[PDB]
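Reminder, nothing fancy here: chain letters follow the sequence lines and each chain counts from 1.
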Amino acid sequence: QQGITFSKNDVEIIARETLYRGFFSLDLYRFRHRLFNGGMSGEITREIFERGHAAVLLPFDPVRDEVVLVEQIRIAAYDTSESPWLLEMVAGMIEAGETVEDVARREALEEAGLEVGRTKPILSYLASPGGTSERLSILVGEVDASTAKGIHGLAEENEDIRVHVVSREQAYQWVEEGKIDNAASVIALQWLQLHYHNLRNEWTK
Amino acid sequence: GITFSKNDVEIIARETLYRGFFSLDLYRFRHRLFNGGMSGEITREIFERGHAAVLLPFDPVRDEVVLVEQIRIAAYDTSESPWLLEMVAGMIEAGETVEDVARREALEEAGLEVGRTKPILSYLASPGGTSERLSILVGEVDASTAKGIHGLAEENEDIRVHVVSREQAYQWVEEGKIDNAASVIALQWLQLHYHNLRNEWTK
Ligand SMILES: Nc1nc2c(ncn2[C@@H]2O[C@H](COP(=O)(O)OP(=O)(O)O)[C@@H](O)[C@H]2O)c(=O)[nH]1
Ligand SMILES: Nc1nc2c(ncn2[C@@H]2O[C@H](COP(=O)(O)OP(=O)(O)O)[C@@H](O)[C@H]2O)c(=O)[nH]1
Ligand SMILES: [Mg+2]
Ligand SMILES: [Mg+2]
Ligand SMILES: [Mg+2]
Ligand SMILES: [Mg+2]
């Protein structure tokens with residue numbers, strides 16, 4: 001097959017407007033775009049949550065077939081989850097000029113006390129593109145899971161994080177059971193379930 | 001597993017920062033710390049946009065997947081094109097079931113009737129900044145009936161149906177041609193479960 005039909009040349013962003021600015025922003029995009037049946041749409045407005053973009057690191061120990069998870073409260077999970085404390089991947093915001101890999105390695109140390117060896121890209125995804133611009137770029141990072149323990153996170157920033165080490169099999173079973181249910185961890189761990197055999201061979205050579 | 005429960009956090013208040021089609025709320029809360037203490041009062045800005053039902057339309061006889069293409073302007077700044085290849089999906093309104101929304105959107109967005117269904121996974125899109133939860137089902141479809149242009153035109157919805165093989169769709173995930181969370185999650189799940197699913201639905 002061929003894929004998508006239209007490009008950036010087929011949409012005109014007439015205007016953007018920031019409706020709220022605080023730590024994050026809510027922007028109004030005003031645009032018109034080509035229609036599949038020929039013409040151009042009228043003017044359309046969409047509210048878009050703007051919060052920057054993230055680097056995500058799946059810490060995988062290929063010697064032990066183990067993953068390191070970080071636990072912290074995510075209050076937005078409260079209304080639809082039994083607990084707002086989630087088991088997650090290492091992750092942080094990307095600043096201007098920073099690379100995904102530099103952010104991933106720094107956050108692995110800050111959030112889990114982990115040094116990272118080799119890294120490989122997993123996938124880069126849009127979290128929920130009907131309402132937010134956020135893109136997250138996932139790497140897998142080689143770690144020694146026997147070094148992973150304790151409480152981390154930047155305390156001067158109200159970041160309180162607990163490290164957990166589990167087998168890959170257990171982490172994936174938790175995805176299947178819904179005990180791990182945040183997008184970044186689901187995507188990373190499903191990818192690991194599809195790729196771990198080749199990855200362990202590559203990293204223990 | 002996790003350490004703390006809802007007994008360990010108090011939401012003191014929520015403040016509406018923005019109310020429009022969607023909302024942005026400030027949650028004010030305190031919570032237990034791993035070191036044994038209580039936090040001070042924490043605030044977080046949270047994007048409130050309701051919750052979604054997502055349908056992976058899978059034809060188990062033909063081993064085919066139905067994708068829908070539509071513009072998502074929020075993708076513009078970080079993507080080659082704002083037109084994305086996606087799963088059928090829609091907002092869940094008050095009192096509706098995930099499955100009822102999935103079936104209605106499959107008809108509106110792809111002209112598809114759905115047979116049997118099975119849950120895939122329900123996930124938080126980005127819980128550091130939004131409450132949004134999306135519940136994915138796989139739905140049995142006849143992909144030969146999936147074609148053409150759909151979407152509710154009276155709602156600025158312009159949608160093109162694409163049919164690909166399962167292996168083709170997954171290759172597109174690997175290559176970055178499909179790169180939205182709902183589709184990546186659904187198609188990775190399908191790559192892990194298709195053998196048993198095809199057997200269940202053809203025998
Ligand atoms: N005015 C306005 N309407 C929106 C916005 N986002 C979604 N909608 C509405 O959602 C309907 C269909 O769009 P979509 O988001 O794909 O709905 P869904 O498929 O049920 O999730 C249309 O009627 C739009 O009016 C927005 O930012 N502004
Ligand atoms: N006060 C405040 N701080 C925020 C907000 N969003 C992010 N931060 C800060 O950004 C830092 C990293 O964000 P975090 O919550 O850890 O999300 P993550 O980077 O994706 O893991 C934290 O130290 C927070 O203090 C917010 O809405 N309000
Ligand atoms: Mg983080
Ligand atoms: Mg951090
Ligand atoms: Mg939709
Ligand atoms: Mg719809």
Is it the side chain or the backbone of [X] that comes within 4.5 Å of chain B heavy atoms, both, or neither?
X	answer
A/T5	both
A/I75	both
A/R30	neither
A/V166	neither
A/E82	backbone
A/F36	both

Original post:
Should the pair B/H31 and A/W85 be assigned to parallel (<30°), tilted (30 to 60°) or perpendicular (>60°) ring geometry?
Top reply: perpendicular

May I ask you to decide if [Y]'s main-chain N or O and [X]'s side chain share a donor-acceptor pair within less than 3.5 Å?
X	Y	result
B/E108	B/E105	no
B/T117	B/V138	no
B/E96	B/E93	yes
A/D61	A/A145	yes
B/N180	B/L85	yes
A/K8	B/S79	yes
B/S81	A/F6	yes
B/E48	B/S131	no
A/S124	A/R135	no

Distance-only polar pair, side chains of [X] and [Y], donor-acceptor under 3.5 Å:
X	Y	value
A/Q72	A/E159	no
B/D63	B/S165	no
A/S128	B/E132	yes

Pick one of side chain, backbone, both or neither for [X], based on which atoms fall under 4.5 Å of a heavy atom in chain A.
X	value
B/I178	neither
B/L121	side chain
B/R49	side chain
B/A182	neither
B/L17	both
B/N7	neither
B/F22	both
B/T3	both
B/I71	side chain

### Query
Can A/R34 and A/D10 be counted as an ion pair, charged N to O under 4.0 angstrom?
yes

In plain terms, say whether A/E101 and A/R105 are close enough for a salt bridge, that is, a side-chain N and a carboxylate O under 4.0 Å apart.
-> yes

Ranking B/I11, B/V173, B/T130, B/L67 by heavy-atom pairs under 4.5 Å to chain A gives rank one to B/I11

Does B/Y18 have its ring centroid less than 6.0 Å away from the ring centroid of A/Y20? no

_Please determine whether the number of non-hydrogen atoms from other residues, nucleotides or ligands lying under 6.0 Å from atom CD of A/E115 exceeds 12._
no

Within residues 186-202 of chain A, contacts to chain B at heavy-atom distances under 4.5 Å involve A/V186, A/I187, A/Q190, A/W191, A/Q193, A/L194, A/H195

Ordered numerically, the heavy-atom neighbours of chain B under 4.5 Å found in residues 37-44 of chain A are A/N37, A/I44

- Item | Non-hydrogen side-chain atoms of A/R118 and A/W203 separated by less than 4.5 Å | yes

- Message: Just so I know, are the side chains of B/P60 and B/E140 near enough to count as touching, which here means a heavy-atom distance under 4.5 Å?
- Response: yes

Top residue by heavy-atom pair count (under 4.5 Å) with chain B, among [options]?
options	value
A/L28, A/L26, A/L126	A/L126
A/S185, A/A54, A/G22	A/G22
A/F49, A/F23, A/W174, A/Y125	A/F49
A/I151, A/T80, A/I48	A/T80
A/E88, A/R162, A/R74	A/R162

Under 6.0 Å from the ring centre and within 45 degrees of the ring axis: does the NZ or CZ of A/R46 meet both conditions for the six-membered ring of A/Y29?
no

